[PDB]
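Asker: Sharing a structure with you now.
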Amino acid sequence: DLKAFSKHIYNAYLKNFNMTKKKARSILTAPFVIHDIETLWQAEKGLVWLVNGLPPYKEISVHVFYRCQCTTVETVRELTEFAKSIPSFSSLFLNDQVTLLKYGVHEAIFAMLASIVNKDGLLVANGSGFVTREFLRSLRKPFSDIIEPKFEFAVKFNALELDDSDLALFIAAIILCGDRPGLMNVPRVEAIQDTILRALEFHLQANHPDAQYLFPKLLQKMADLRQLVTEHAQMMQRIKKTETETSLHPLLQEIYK
Ligand SMILES: O=C(O)CCCCCOc1ccccc1CN(Cc1ccccc1)C(=O)c1ccc(-c2ccoc2)cc1
Ligand SMILES: CCCCCCCO[C@@H]1O[C@H](CO)[C@@H](O)[C@H](O)[C@H]1O
């Protein structure tokens with residue numbers, strides 16, 4: 001029954017997300033490279049890319065920041081459907097579901113989208129483009145500061161060489177976390193989390209027989225993710241207060257409220 005539990009989560013993962021890690025890493029090993037202002041313009045013109053649907057133009061750094069919001073908001077949508085495809089998550093009261101998503105999605109995003117990252121940059125536009133790390137570093141503060149930490153985490157995370165089956169359970173564990181503030185039914189969520197963590201350890205034993213310390217290594221990554229997101233939240237607060245011309249998607253406003 002724990003097998004059926006784990007297999008259901010994996011199916012939900014495949015159904016609700018666009019690109020698997022399998023696809024992502026095969027591409028990275030060709031997409032149009034965005035490495036400067038000109039190539040960014042060319043990408044927006046047709047070689048890669050809802051530019052007309054974005055907020056009014058302000059500047060290059062802010063424009064990229066808007067493209068960042070596009071992807072995260074899209075990933076939150078997918079994560080929500082993925083979570084809702086899990087029976088134990090859907091059996092929670094709706095307000096608890098929102099609490100878990102609110103405090104869980106960014107942890108899940110940074111872990112899950114590590115797949116589309118290497119040391120040189122990351123995939124964009126469903127894998128049609130590749131934006132260099134150097135270009136993102138070249139953006140002005142605070143936009144370059146909010147980006148770089150994710151690369152450091154991603155490359156270290158990708159070194160564990162998880163596959164999509166591992167990630168499905170790992171992301172589920174992140175969302176179903178009993179530590180989120182304001183949770184109504186903590187014991188129920190804690191119990192679900194424990195079950196997923198048990199399923200994960202069991203899965204890792206079979207899928208990575210030679211991989212020692214892999215499960216405790218992943219528990220440490222969950223701790224790292226909490227720190228990453230906390231720092232990220234702090235930087236988003238700085239942008240909210242100091243970048244008046246920079247708008248924020250309403251959904252993200254609610255998350256950082
Ligand atoms: O708080 C929020 O949700 C919105 C505020 C996010 C601000 C920080 O966003 C990023 C920071 C570091 C890396 C990547 C991203 C954004 N992401 C998600 C991500 C996150 C972590 C790992 C991997 C992918 C992107 O996928 C991405 C999309 C488009 C571009 C782009 C377009 C044209 O030029 C550049 C660049 C990146
Ligand atoms: C779509 C799933 C992800 C949604 C994440 C956004 C959650 O925002 C929160 O929504 C609650 C209303 O339900 C409010 O009470 C909180 O003040 C607000 O912060």
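FYI, nothing fancy with the structure tokens labels: chains A, B, ... in order, residues from 1 per chain, ligands from 1 as they appear.
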As a quick test: using only C-alpha atoms and all ligand atoms, which residues lie no more than 8 Å away from ligand 1? Give them as a ChimeraX atom specification.
Answerer: /A:34,40,63-73,106,109-117,122-125,131,136,143,146-151,154,232-233,236,252
Asker: Would you mind listing the residues within 12 Å of ligand 2, counting only C-alpha atoms and all ligand atoms, as a PDB file with N, CA, C and O atoms, in the first residue's frame?
Answerer:
ATOM      1  N   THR A  72       7.812  31.337 -12.019  1.00  0.00           N
ATOM      2  CA  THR A  72       7.492  30.894 -10.667  1.00  0.00           C
ATOM      3  C   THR A  72       5.979  30.795 -10.489  1.00  0.00           C
ATOM      4  O   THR A  72       5.487  29.827  -9.913  1.00  0.00           O
ATOM      5  N   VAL A  73       5.242  31.776 -11.003  1.00  0.00           N
ATOM      6  CA  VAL A  73       3.786  31.752 -10.901  1.00  0.00           C
ATOM      7  C   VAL A  73       3.231  30.545 -11.654  1.00  0.00           C
ATOM      8  O   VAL A  73       2.311  29.880 -11.182  1.00  0.00           O
ATOM      9  N   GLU A  74       3.801  30.259 -12.819  1.00  0.00           N
ATOM     10  CA  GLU A  74       3.401  29.091 -13.594  1.00  0.00           C
ATOM     11  C   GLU A  74       3.701  27.800 -12.828  1.00  0.00           C
ATOM     12  O   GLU A  74       2.916  26.854 -12.855  1.00  0.00           O
ATOM     13  N   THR A  75       4.840  27.768 -12.146  1.00  0.00           N
ATOM     14  CA  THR A  75       5.245  26.576 -11.416  1.00  0.00           C
ATOM     15  C   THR A  75       4.374  26.391 -10.175  1.00  0.00           C
ATOM     16  O   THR A  75       4.106  25.261  -9.766  1.00  0.00           O
ATOM     17  N   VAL A  76       3.927  27.497  -9.584  1.00  0.00           N
ATOM     18  CA  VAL A  76       3.008  27.439  -8.451  1.00  0.00           C
ATOM     19  C   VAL A  76       1.680  26.825  -8.887  1.00  0.00           C
ATOM     20  O   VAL A  76       1.085  26.044  -8.146  1.00  0.00           O
ATOM     21  N   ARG A  77       1.223  27.181 -10.086  1.00  0.00           N
ATOM     22  CA  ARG A  77       0.002  26.602 -10.645  1.00  0.00           C
ATOM     23  C   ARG A  77       0.136  25.092 -10.759  1.00  0.00           C
ATOM     24  O   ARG A  77      -0.754  24.347 -10.355  1.00  0.00           O
ATOM     25  N   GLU A  78       1.253  24.651 -11.328  1.00  0.00           N
ATOM     26  CA  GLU A  78       1.502  23.231 -11.538  1.00  0.00           C
ATOM     27  C   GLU A  78       1.662  22.492 -10.210  1.00  0.00           C
ATOM     28  O   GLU A  78       1.171  21.376 -10.053  1.00  0.00           O
ATOM     29  N   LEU A  79       2.350  23.120  -9.261  1.00  0.00           N
ATOM     30  CA  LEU A  79       2.561  22.527  -7.941  1.00  0.00           C
ATOM     31  C   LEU A  79       1.237  22.354  -7.205  1.00  0.00           C
ATOM     32  O   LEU A  79       1.048  21.386  -6.466  1.00  0.00           O
ATOM     33  N   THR A  80       0.324  23.298  -7.415  1.00  0.00           N
ATOM     34  CA  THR A  80      -0.994  23.247  -6.793  1.00  0.00           C
ATOM     35  C   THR A  80      -1.782  22.057  -7.329  1.00  0.00           C
ATOM     36  O   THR A  80      -2.391  21.312  -6.563  1.00  0.00           O
ATOM     37  N   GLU A  81      -1.758  21.875  -8.646  1.00  0.00           N
ATOM     38  CA  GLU A  81      -2.456  20.755  -9.270  1.00  0.00           C
ATOM     39  C   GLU A  81      -1.802  19.430  -8.891  1.00  0.00           C
ATOM     40  O   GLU A  81      -2.487  18.429  -8.690  1.00  0.00           O
ATOM     41  N   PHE A  82      -0.477  19.429  -8.801  1.00  0.00           N
ATOM     42  CA  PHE A  82       0.261  18.248  -8.369  1.00  0.00           C
ATOM     43  C   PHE A  82      -0.136  17.857  -6.950  1.00  0.00           C
ATOM     44  O   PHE A  82      -0.364  16.684  -6.658  1.00  0.00           O
ATOM     45  N   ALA A  83      -0.229  18.850  -6.073  1.00  0.00           N
ATOM     46  CA  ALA A  83      -0.608  18.609  -4.687  1.00  0.00           C
ATOM     47  C   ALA A  83      -2.046  18.110  -4.604  1.00  0.00           C
ATOM     48  O   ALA A  83      -2.351  17.188  -3.850  1.00  0.00           O
ATOM     49  N   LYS A  84      -2.925  18.718  -5.391  1.00  0.00           N
ATOM     50  CA  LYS A  84      -4.334  18.341  -5.399  1.00  0.00           C
ATOM     51  C   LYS A  84      -4.562  16.941  -5.962  1.00  0.00           C
ATOM     52  O   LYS A  84      -5.602  16.334  -5.718  1.00  0.00           O
ATOM     53  N   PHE A  93      -8.557  20.257   4.830  1.00  0.00           N
ATOM     54  CA  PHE A  93      -9.414  21.420   4.649  1.00  0.00           C
ATOM     55  C   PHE A  93      -8.709  22.412   3.736  1.00  0.00           C
ATOM     56  O   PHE A  93      -7.481  22.494   3.727  1.00  0.00           O
ATOM     57  N   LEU A  94      -9.492  23.161   2.969  1.00  0.00           N
ATOM     58  CA  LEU A  94      -8.948  24.014   1.920  1.00  0.00           C
ATOM     59  C   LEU A  94      -7.970  25.058   2.459  1.00  0.00           C
ATOM     60  O   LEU A  94      -6.995  25.401   1.789  1.00  0.00           O
ATOM     61  N   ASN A  95      -8.220  25.557   3.666  1.00  0.00           N
ATOM     62  CA  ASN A  95      -7.345  26.572   4.245  1.00  0.00           C
ATOM     63  C   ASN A  95      -5.975  25.998   4.609  1.00  0.00           C
ATOM     64  O   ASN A  95      -4.962  26.691   4.505  1.00  0.00           O
ATOM     65  N   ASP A  96      -5.939  24.735   5.029  1.00  0.00           N
ATOM     66  CA  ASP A  96      -4.665  24.072   5.296  1.00  0.00           C
ATOM     67  C   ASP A  96      -3.892  23.845   4.001  1.00  0.00           C
ATOM     68  O   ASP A  96      -2.668  23.969   3.974  1.00  0.00           O
ATOM     69  N   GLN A  97      -4.604  23.497   2.934  1.00  0.00           N
ATOM     70  CA  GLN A  97      -3.974  23.325   1.628  1.00  0.00           C
ATOM     71  C   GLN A  97      -3.263  24.607   1.205  1.00  0.00           C
ATOM     72  O   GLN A  97      -2.134  24.572   0.720  1.00  0.00           O
ATOM     73  N   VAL A  98      -3.931  25.738   1.404  1.00  0.00           N
ATOM     74  CA  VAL A  98      -3.380  27.039   1.038  1.00  0.00           C
ATOM     75  C   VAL A  98      -2.173  27.390   1.905  1.00  0.00           C
ATOM     76  O   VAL A  98      -1.200  27.960   1.417  1.00  0.00           O
ATOM     77  N   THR A  99      -2.235  27.043   3.187  1.00  0.00           N
ATOM     78  CA  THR A  99      -1.128  27.316   4.098  1.00  0.00           C
ATOM     79  C   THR A  99       0.119  26.545   3.673  1.00  0.00           C
ATOM     80  O   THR A  99       1.217  27.102   3.634  1.00  0.00           O
ATOM     81  N   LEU A 100      -0.054  25.268   3.347  1.00  0.00           N
ATOM     82  CA  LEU A 100       1.068  24.431   2.931  1.00  0.00           C
ATOM     83  C   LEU A 100       1.675  24.923   1.623  1.00  0.00           C
ATOM     84  O   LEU A 100       2.895  24.932   1.451  1.00  0.00           O
ATOM     85  N   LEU A 101       0.821  25.333   0.696  1.00  0.00           N
ATOM     86  CA  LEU A 101       1.298  25.838  -0.580  1.00  0.00           C
ATOM     87  C   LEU A 101       2.014  27.170  -0.381  1.00  0.00           C
ATOM     88  O   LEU A 101       3.119  27.361  -0.884  1.00  0.00           O
ATOM     89  N   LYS A 102       1.401  28.073   0.377  1.00  0.00           N
ATOM     90  CA  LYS A 102       1.977  29.396   0.611  1.00  0.00           C
ATOM     91  C   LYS A 102       3.423  29.327   1.093  1.00  0.00           C
ATOM     92  O   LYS A 102       4.287  30.048   0.596  1.00  0.00           O
ATOM     93  N   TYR A 103       3.678  28.452   2.060  1.00  0.00           N
ATOM     94  CA  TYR A 103       4.987  28.375   2.696  1.00  0.00           C
ATOM     95  C   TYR A 103       5.875  27.288   2.096  1.00  0.00           C
ATOM     96  O   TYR A 103       7.040  27.166   2.470  1.00  0.00           O
ATOM     97  N   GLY A 104       5.326  26.512   1.164  1.00  0.00           N
ATOM     98  CA  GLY A 104       6.038  25.382   0.589  1.00  0.00           C
ATOM     99  C   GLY A 104       6.477  25.517  -0.863  1.00  0.00           C
ATOM    100  O   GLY A 104       7.466  24.902  -1.262  1.00  0.00           O
ATOM    101  N   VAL A 105       5.762  26.309  -1.657  1.00  0.00           N
ATOM    102  CA  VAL A 105       5.994  26.314  -3.105  1.00  0.00           C
ATOM    103  C   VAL A 105       7.387  26.798  -3.497  1.00  0.00           C
ATOM    104  O   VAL A 105       8.001  26.234  -4.398  1.00  0.00           O
ATOM    105  N   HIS A 106       7.898  27.825  -2.830  1.00  0.00           N
ATOM    106  CA  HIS A 106       9.208  28.352  -3.201  1.00  0.00           C
ATOM    107  C   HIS A 106      10.323  27.369  -2.856  1.00  0.00           C
ATOM    108  O   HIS A 106      11.303  27.257  -3.591  1.00  0.00           O
ATOM    109  N   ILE A 175       6.031  20.048   0.384  1.00  0.00           N
ATOM    110  CA  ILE A 175       4.703  20.650   0.463  1.00  0.00           C
ATOM    111  C   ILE A 175       3.998  20.219   1.746  1.00  0.00           C
ATOM    112  O   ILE A 175       3.496  21.050   2.501  1.00  0.00           O
ATOM    113  N   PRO A 181       3.616  27.841   9.487  1.00  0.00           N
ATOM    114  CA  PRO A 181       2.878  28.633  10.479  1.00  0.00           C
ATOM    115  C   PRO A 181       1.382  28.699  10.196  1.00  0.00           C
ATOM    116  O   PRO A 181       0.977  28.838   9.041  1.00  0.00           O
ATOM    117  N   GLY A 182       0.574  28.605  11.247  1.00  0.00           N
ATOM    118  CA  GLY A 182      -0.861  28.784  11.126  1.00  0.00           C
ATOM    119  C   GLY A 182      -1.616  27.555  10.652  1.00  0.00           C
ATOM    120  O   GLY A 182      -2.795  27.651  10.309  1.00  0.00           O
ATOM    121  N   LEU A 183      -0.952  26.404  10.627  1.00  0.00           N
ATOM    122  CA  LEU A 183      -1.619  25.160  10.253  1.00  0.00           C
ATOM    123  C   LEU A 183      -2.711  24.811  11.255  1.00  0.00           C
ATOM    124  O   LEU A 183      -2.546  24.991  12.463  1.00  0.00           O
ATOM    125  N   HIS A 249       3.391  40.238  -9.226  1.00  0.00           N
ATOM    126  CA  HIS A 249       2.188  39.476  -9.541  1.00  0.00           C
ATOM    127  C   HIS A 249       1.329  39.319  -8.284  1.00  0.00           C
ATOM    128  O   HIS A 249       1.861  39.024  -7.216  1.00  0.00           O
ATOM    129  N   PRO A 250       0.002  39.529  -8.402  1.00  0.00           N
ATOM    130  CA  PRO A 250      -0.884  39.466  -7.231  1.00  0.00           C
ATOM    131  C   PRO A 250      -0.727  38.197  -6.393  1.00  0.00           C
ATOM    132  O   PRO A 250      -0.789  38.266  -5.168  1.00  0.00           O
ATOM    133  N   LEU A 251      -0.532  37.056  -7.043  1.00  0.00           N
ATOM    134  CA  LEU A 251      -0.358  35.797  -6.329  1.00  0.00           C
ATOM    135  C   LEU A 251       0.885  35.836  -5.447  1.00  0.00           C
ATOM    136  O   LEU A 251       0.867  35.360  -4.313  1.00  0.00           O
ATOM    137  N   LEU A 252       1.963  36.408  -5.971  1.00  0.00           N
ATOM    138  CA  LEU A 252       3.202  36.517  -5.214  1.00  0.00           C
ATOM    139  C   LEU A 252       3.076  37.561  -4.111  1.00  0.00           C
ATOM    140  O   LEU A 252       3.703  37.437  -3.061  1.00  0.00           O
ATOM    141  N   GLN A 253       2.266  38.590  -4.346  1.00  0.00           N
ATOM    142  CA  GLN A 253       1.991  39.569  -3.302  1.00  0.00           C
ATOM    143  C   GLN A 253       1.359  38.880  -2.093  1.00  0.00           C
ATOM    144  O   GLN A 253       1.703  39.177  -0.949  1.00  0.00           O
ATOM    145  N   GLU A 254       0.440  37.956  -2.353  1.00  0.00           N
ATOM    146  CA  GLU A 254      -0.242  37.231  -1.283  1.00  0.00           C
ATOM    147  C   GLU A 254       0.713  36.299  -0.537  1.00  0.00           C
ATOM    148  O   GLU A 254       0.589  36.112   0.673  1.00  0.00           O
ATOM    149  N   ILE A 255       1.659  35.711  -1.262  1.00  0.00           N
ATOM    150  CA  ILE A 255       2.628  34.803  -0.656  1.00  0.00           C
ATOM    151  C   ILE A 255       3.579  35.563   0.265  1.00  0.00           C
ATOM    152  O   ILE A 255       3.933  35.071   1.335  1.00  0.00           O
ATOM    153  N   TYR A 256       3.983  36.759  -0.152  1.00  0.00           N
ATOM    154  CA  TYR A 256       4.923  37.565   0.622  1.00  0.00           C
ATOM    155  C   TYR A 256       4.213  38.592   1.505  1.00  0.00           C
ATOM    156  O   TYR A 256       4.847  39.492   2.050  1.00  0.00           O
ATOM    157  N   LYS A 257       2.901  38.448   1.652  1.00  0.00           N
ATOM    158  CA  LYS A 257       2.129  39.359   2.488  1.00  0.00           C
ATOM    159  C   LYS A 257       2.403  39.106   3.966  1.00  0.00           C
ATOM    160  O   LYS A 257       3.366  39.629   4.526  1.00  0.00           O
TER     161      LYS A 257
END
Asker: Check the smallest atom-to-atom distance from each of A:163, A:229, A:209, A:61 to residue 144 in chain A using only C-alpha atoms, then report the winner.
Answerer: A:61
Asker: For CA of residue 180 in chain A and CA of residue 226 in chain A, determine how far apart the two atoms are, in Å to one decimal place.
Answerer: 10.9 Å
Asker: Quick one: everything within 10 Å of residue 214 in chain A, counting only C-alpha atoms, minus sequence neighbours fewer than 2 positions away in the same chain. Send it as a list in words.
Answerer: residues 160, 162, 201, 204, 205, 208, 209, 210, 211, 212, 216, 217, 218, 219 and 220 of chain A
Asker: Between CA of residue 9 in chain A and CA of residue 198 in chain A, what is the distance, to one decimal in Å?
Answerer: 13.4 Å
